[PDB]
Amino acid sequence: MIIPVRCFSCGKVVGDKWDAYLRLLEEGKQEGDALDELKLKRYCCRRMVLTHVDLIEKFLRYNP
Amino acid sequence: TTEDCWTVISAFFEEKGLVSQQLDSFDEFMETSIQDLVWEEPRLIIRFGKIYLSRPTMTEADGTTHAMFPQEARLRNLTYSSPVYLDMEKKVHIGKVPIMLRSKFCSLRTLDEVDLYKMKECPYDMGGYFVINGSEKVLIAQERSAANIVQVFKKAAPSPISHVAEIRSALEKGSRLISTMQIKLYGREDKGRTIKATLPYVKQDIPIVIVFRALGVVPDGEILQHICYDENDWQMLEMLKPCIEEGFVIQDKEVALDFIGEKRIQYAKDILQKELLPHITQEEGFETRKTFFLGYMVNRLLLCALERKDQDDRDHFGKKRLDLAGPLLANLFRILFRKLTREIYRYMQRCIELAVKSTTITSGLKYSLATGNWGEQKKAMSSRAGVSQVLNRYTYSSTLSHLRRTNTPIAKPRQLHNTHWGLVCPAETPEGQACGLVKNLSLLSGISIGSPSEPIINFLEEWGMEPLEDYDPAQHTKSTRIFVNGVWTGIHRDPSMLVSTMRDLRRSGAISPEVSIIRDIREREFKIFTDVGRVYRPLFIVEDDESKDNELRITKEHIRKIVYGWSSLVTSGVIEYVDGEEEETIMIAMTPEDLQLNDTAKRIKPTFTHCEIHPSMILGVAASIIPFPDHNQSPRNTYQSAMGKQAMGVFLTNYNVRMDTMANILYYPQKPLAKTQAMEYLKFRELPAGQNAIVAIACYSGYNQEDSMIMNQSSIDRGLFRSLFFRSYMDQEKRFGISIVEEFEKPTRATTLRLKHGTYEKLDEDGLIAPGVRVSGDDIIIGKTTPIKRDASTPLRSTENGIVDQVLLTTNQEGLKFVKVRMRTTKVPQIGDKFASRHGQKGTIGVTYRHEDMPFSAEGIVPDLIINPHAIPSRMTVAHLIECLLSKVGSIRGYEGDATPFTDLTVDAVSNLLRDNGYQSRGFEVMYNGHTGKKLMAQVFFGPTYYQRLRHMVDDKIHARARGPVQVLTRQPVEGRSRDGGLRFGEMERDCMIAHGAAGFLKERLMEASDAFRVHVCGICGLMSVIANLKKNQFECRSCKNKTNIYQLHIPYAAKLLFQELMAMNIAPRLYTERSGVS
Amino acid sequence: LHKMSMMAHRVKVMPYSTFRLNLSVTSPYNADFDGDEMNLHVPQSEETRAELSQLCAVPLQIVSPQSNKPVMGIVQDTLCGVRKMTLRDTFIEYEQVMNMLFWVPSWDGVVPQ
Amino acid sequence: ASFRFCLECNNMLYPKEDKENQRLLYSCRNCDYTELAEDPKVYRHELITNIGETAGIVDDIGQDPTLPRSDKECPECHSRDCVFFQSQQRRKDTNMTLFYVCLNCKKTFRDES
Amino acid sequence: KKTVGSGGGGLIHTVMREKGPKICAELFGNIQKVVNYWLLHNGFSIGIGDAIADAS
Amino acid sequence: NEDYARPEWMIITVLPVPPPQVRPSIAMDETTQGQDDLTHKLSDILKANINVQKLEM
């Protein structure tokens, strides 16, 4: 259901990190590290993407 | 290894899928069954043959007959049923049978990925449901004590009867009579002891003796031949003595068949070929066998009546069946078809010398499935309600559960028996009322379908099986007797080889893996069950094929190999289906590994024939999502097992195209930080049921007290736990055979006035609103009228409001205007909404603070939620605390956290991994009180935990009334907040007040704040007659002719009626304003 | 099922869609906040009121006649903490000792030595 | 024991006394047939059973995996692979001693003491 | 619990009897506000660690 | 008591027919049926009376 602008817990933005992440996966095969480099330190902002379930993808396969 | 058996499990669902049973049992009715049913007791004083079942159609006026499809019938509220035709012999349309989505006759069954996506059907939808008049109807499994089996019950000290044995009989294929045989045993275990049995149509009961002579065996010792298989068992024999004397008065077959009141004797025969033990077969030349049965019964009886065998376990699940969908459509059908039988008989009884309105088979079926009343319709409610409900759609795991649900008609049944192991989930079951009478099936469990008897009957009588007919109990001492589906098809000598050959024949797959074979050595018997309705689970085979020591048949080659379905995994003898009955005589090993020094932290762990695929498979949907249920107080798990069925999330993806009443979608979902390997098969990652809240179990403002939790406003603003709420009002344009149609407009004036209160200005000229419109108060959502111009327009419920999200007009079969409206609304969490984790830790919001006010940790990190430590000690739910820890690691470590049941992970282990990352080994962190900045003298259990936002938000409950809409019959207020109703002041509330002595106040409730009414009694005949014309003063009260002595009183109108009723029952309640009886 | 299952309370209008009740009066009704709902009735006469304050007032109910003992004490947080706060090891400095007396509505207005 | 009934009209055998000779006879009350008494015992009651504890033990009682394994040693072949249980007499007043049988003889030796 | 619970000797039972209904009903509000405030600053919690027994 | 209740009055001769407010109808506004349970078994009784009489003449 798309990524959440700003993390609930602390507030830090997290909109941009999406495409970046899904790439550092496909190729560079990371998790922990990718994130670390994406500047996502403390678990609070962290859990947002790693727990995000992009439903929108299946929805987009729908007509209107 | 352990991680391997998982792949095995993976292999299973890839091919069978969570709802095998449902479809499989449906197809079995369509494909085969339905035919066999119509061809049995057909022919009428003209035969019937094969039947044709075409596909879905829609015969609507203003069009030909449009080939209808599921996703449409839903929206237009129709019926996913197709035609049925049959070439009758002395072509014809006969009823519409509702297909089951995702089955075989449903076109979806073939279409592939892209193909389906084009049919608008959501791939994740496993289907398995029916679509009657819109709403998705799911048939619910109905449990029932199996038939054709030997039992024995002891009957209490106060009763002329001691013990009794019963046996329910019914033809496994053909009509299925429901007449049971009762072989009682009067005279308690003392008194000076007859034996009587009950037969269908016989007034009194008959003494076993006569029954033998009445069969064709009149002399003794040829009788004990059948009963006792050991001339040296004097005990048993003794008991019988007094009994022989009873029947000593009838010395032959004539009188035998007589005494049952030439005409009756002839009739007697009848009652032996159609009433006496009607299952087995009703042929003719088989008299002999049953005699051996009736002997084996009275035997089984005494074996208990002599304290050698306990009383039969009434709730031994193995002796219970489950009538799934397929079976139900039978016993229901017969009742119908039999009325259909005698219906076509009526048309012929009018012909003083086509007609068959094939809607009675259509509408009849509908009635049941719609309501839940099986047995026909008519003035016949004498059916069972519960069957078929309104499939849940609150959350995905909710819907799932519902299909996998079983019922059980009514202190002992409710118990959780042993037999329930493996087959049913122990936790998931409704609270209060019926609790334990509603069971859900485990993951691995499955129900039988119906294999064939003969290919094993033959296979027997062609391997050592000397027929029952000629038996000699003393000549044949240890002859191992074999039973087939509750019938005795002769005995067999040494079975050991005969046994482990059929079972190996099955493993290759030439005699269905579904049949059950149980050998009870401890009695020398062989139980054979082919039956349809037997619950079964799968197990690993061990076999000692090691000529070099003492080991599991399966290897790492079968594994990596996973034209290779699950059917082959069975066709290779690697797994067997063990039902509850067969279980009794086997020995199952738990952990495959171990069961073939230690750390003082981990949990203490305590010939093998079978192994458990994996213990975490005995759970059903509910418990399956709970992390570490083996760390919480079991009764708590049982709670979450229900609350789960009430949380918010996303229940399907097509949701944006569904016009269903009520539906909620959680703004932003979130897959849990900790999971079960089993979740991988519950597509949960693609359909989460909640979010991961940054919990912090501590005390603060004191608003997190008594199971109430504090929620960080700041993140509530950031969209945390917000949810959409849908609703769908629908209307039609009704007509009459007498050309008088309704209208869908924007009515005003026009001689009638009959209109609503709200505003219509927000109605475009099409009589509808727009999707932009901001509706509120009561505003009319649809505009309708009835010319007889009275408004019948629908107004948004006074308590609701939101925004329109999509309106749509459409035709109906009766060429009427079908129109549904859907309203959307975003629901924000509020200081009252209910929430909960997956550990029965339910709670609502007490207040909401922001970032500042909130407590925080040096790192910066701040909590989203703060629940109270007091909700832990007596709740005992510890896994919660653990789920937190684990999830606090996977967060920091980025790796997905496995929470699955009995693995090799401990709190001490996890604690070390968390120490490797930087934070406290137990989770705990320092926090500074958001108001002063000063540290907290204590430390807090700060850590991310998953939280589901269950529905039941305040604004759906909040209700207040002061003199509103009054009921009609009573004239008191009305029920429900939806109709602006009023709260009941029931007994218990009365009582209390009376204790307080609040005399007046109570008098003021019941009168001023409800009923009340001024009635005029008569001073003579204390009645409510008086014709009080409040103007011309005229009072009167004929029959007692008075107009002078009349009194006025203030009583609750509710009571006045009570009296009128009493009057109307001829009783006379005289009311006197003066005492007359004196003393 | 109690004499105390119905008691007269003073109305205090506040925002948000919920009945805000005191903690200590939880166990009489035997309620919790895991979703529980509560019914409220509204008096109507001038005498009715008196009758509500003279016989149903919460203070009169403090002592339950069935066991000649109270039926409302200090629950959860308040109880749990008062123990800590009481211990000899518990010390408080001026800065907090001030904000605490202020928080007491009944304070005699005299700082103890 | 294995007592008998009688030919001709196959029924139960009731006993009668051989008056003139003083001895017991058995007979039938359907015809006339009469054969002497096999044994002087006619009826037994037993209020404290002990028969049925050995309950059917076919040699195959060693392939039923649900049974325990004991390493004792029979009174004859002197082996060390024995199985056991308790009386099968479901009588609330029975006792709980273990009877052991050996697959290489079939004795009924206990563990009692 | 023993000293401020629904018990016999109960400090509550005595203040009603000795001072009256009103004062005691008020007594609550005070004792509350005070405690909650203190706790509010002193903090308090519970976690798995409070359930583990010594190594030996 | 010869005045308030004599044994004989336990058998009914003339049957007391209760009015609308006892067995109300529930219309779907006005021009739509909606009839009580009793508003059926009354005519049924009536009919069982009528027919009876039409068998006694």
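Order as written gives the chain letters A, B, C, D, E and F; numbering starts at 1 within each chain.
Following the convention adopted for this analysis, contacts are C-beta pairs under 8 Å (C-beta built on N, C-alpha and C of every residue); 3 or more make two chains touch, one makes a residue touch a chain.
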Item to check | Each chain counted as touching chain A and chain E at once | outcome: B
Checklist entry - Of all chains present, which has the mean Cα position farthest from that of chain E? => result D
Item to check | CA centroid of chain A to CA centroid of chain F, Å | outcome: 75
Checklist entry - Cα centroid separation between chain D and chain E, in whole Å? => result 73
Next on the checklist: Using mean CA coordinates as chain centres, what's the gap between chain A and chain B in Å?
Outcome noted: 40
Item to check | Distance between chain centroids, defined by C-alpha means - chain C, chain E (Å) | outcome: 12
Next on the checklist: Two-or-more-chain contact residues of chain E, please, as numbers and ranges.
Outcome noted: 36, 39, 41-42, 44
Item to check | Junction residues of chain D - those touching two or more other chains | outcome: none
Checklist outcome for this item: Full set of chain pairs in contact is A-B, B-C, B-D, B-E, B-F, C-E
Checklist outcome for this item: Per the touch rule above, chain B residues touching chain E in the complex are 600, 696-702, 855, 869, 872, 878, 881-882, 885, 907, 922-924, 927, 929, 931-932, 934, 936-941
Item to check | chain B partner contacts - residues on chain C that touch it in the complex | outcome: 1-3, 5-6, 16-18, 23, 26, 32-35, 37, 39, 41-45, 47-48, 51-52, 55-56, 75-78, 80-81
Item to check | Contact set on chain B toward chain F in their complex | outcome: 754, 786, 788, 790, 792, 968-969, 1057, 1060-1061, 1063-1064, 1066, 1068, 1070
Next on the checklist: Quick check: in the complex, which residue numbers of chain B touch chain D?
Outcome noted: 219-222, 231-232, 234-235, 238, 241, 244, 251, 304, 306-310, 474, 478, 496, 521-524, 585-587, 607-609
Checklist entry - Which bits of chain F are touching chain B when the two form their complex? => result 4-5, 9, 12, 16-19, 21-22, 24, 26, 29-31
